[PDB]
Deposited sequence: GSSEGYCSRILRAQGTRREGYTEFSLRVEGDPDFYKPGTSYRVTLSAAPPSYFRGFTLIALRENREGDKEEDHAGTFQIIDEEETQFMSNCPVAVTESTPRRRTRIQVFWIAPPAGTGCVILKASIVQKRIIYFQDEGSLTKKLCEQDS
């Protein structure tokens, strides 16, 4: 189940539109993964984890992703809680909804990994990682 299993900034950014300071349970947020020019990615993986969890357990994964662009993104065949590319084409941006979990879920870490001509692995902090807490 889910594998899946260098901080600071690369040219790839994981953002939430509107730059929320915290999440509100049940609110849909538009999560974006983008490459600064002239970079691109041919593949990506995107997850949302309760803080300080590895992701090896189902209950580590927080909230619900919803596909916006079916031809660009899909759920991972062998990690159904992870968003990934539909085909290995060069892309500079993808977007998905993330629906925030119930009150009491605690801090959530949205995290991405990409491939261009090298792999950028998941990191605890950095440009492909965003922490959102309740409040």
Tell me, which runs of residues in the deposited sequence have no coordinates at all? 1-5, 11-17, 148-149
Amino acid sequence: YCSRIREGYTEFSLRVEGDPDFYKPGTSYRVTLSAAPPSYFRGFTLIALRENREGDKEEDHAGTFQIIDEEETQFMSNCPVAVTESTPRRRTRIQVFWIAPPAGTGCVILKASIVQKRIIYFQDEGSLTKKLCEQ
From here on, numbers count along this sequence of modelled residues.
Stretch with higher mean Cα temperature factor, 70-78 vs 46-54, is 70-78
Can you tell me whether 106-114 has a higher mean C-alpha B factor than 82-90 in this record, or the other way round? 82-90
CA B-factor placement of residue 19, once the chain's modelled residues are sorted into thirds: middle
On the chain's distribution of Cα B-factors, residue 123 falls within the third called highest
